[PDB]
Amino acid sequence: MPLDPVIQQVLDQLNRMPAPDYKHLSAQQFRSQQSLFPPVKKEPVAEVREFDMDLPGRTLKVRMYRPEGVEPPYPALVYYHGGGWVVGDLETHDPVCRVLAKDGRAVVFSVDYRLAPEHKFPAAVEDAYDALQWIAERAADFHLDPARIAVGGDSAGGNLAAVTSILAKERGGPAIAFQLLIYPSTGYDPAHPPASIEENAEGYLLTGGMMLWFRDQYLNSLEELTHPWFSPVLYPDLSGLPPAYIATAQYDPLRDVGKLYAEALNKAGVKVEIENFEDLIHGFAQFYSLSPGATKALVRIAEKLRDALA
């Protein structure tokens, strides 16, 4: 399939201005920008509750989404938003969570982890695991089924969900039933970049220069490129991880990175389904209701979550 027509219109106008000067771009500069994505439809749910989760040394905001017509004990998804470990928050991904809750038939906890460069690696990883542990230990208070709690996220948030599953394996818990990885950044050997990293490096919103900039903001040094908490695909033993669903986009530099993680999980004996959305780019979930292809794809991802936690 060719590019979704609405996405094509955005890209054609985006690519008219020259690429940013990444060697001098600051985070405070990048966040001061107007975001490429407009506010999209918020699907209705039974209840949305925002609150502060108190952890040692820091407080994390959480939004909990309870969908209509589900009865306790609820299945749940702990969700980590994308944004290159530098941007994004509860509101940027609020429409995504609502679709995941409503069509996934699950309570979604969207977690505001700490952002780089103010809080460099591994702050977000510690937040992602500690927030899952905080919620899972309170399953009874939240009326959750402890055997049906998943982790998930998009882009850098999919990275965090994949790494959280690794930390939970190492620490004997909490139990994770499923990982929902939406065009995740799960890493690769920098000496052998998967094809899409170079094939799709320019022209499709997420660019190679942008990826290197996020990484420079997030990491303490490039010696961390192969650290498995940054590149979970390089973790030596992926056996025993929760079953996974991976969504990739055809025109995403990360497309074959997601495929590489599916290969690695499959070779370690983990059940994994991967689906490539042939007409879409990185970040398509944030075009929900605006792009017909993005709408259809996010609803399908949500139904994969529903089936996994049924």
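We number the residues from 1 along the sequence you see.
Remark: stretch with higher mean C-alpha B factor among 42 to 50 and 238 to 246 is 42 to 50. Taking only CA atoms, the mean B-factor in the PDB entry is higher for 216 to 224 than for the other of 178 to 186 and 216 to 224. Note on the listed residues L260, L55, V70, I274: the highest Cα temperature factor in the record is that of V70.
In this PDB entry, the Cα temperature factor of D127 sits in the bottom third of its chain's modelled residues, the lowest group. Per the deposited record, the Cα B-factor of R31 falls in the highest third when ranked against the other modelled residues of its chain.
Looking at the C-alpha B-factors along this chain, the one for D154 belongs to the lowest third. Remark: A147 belongs to the highest third of its chain, ranked by C-alpha B-factor as recorded. Among all modelled residues in its chain, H81 ranks in the lowest third by Cα B-factor.
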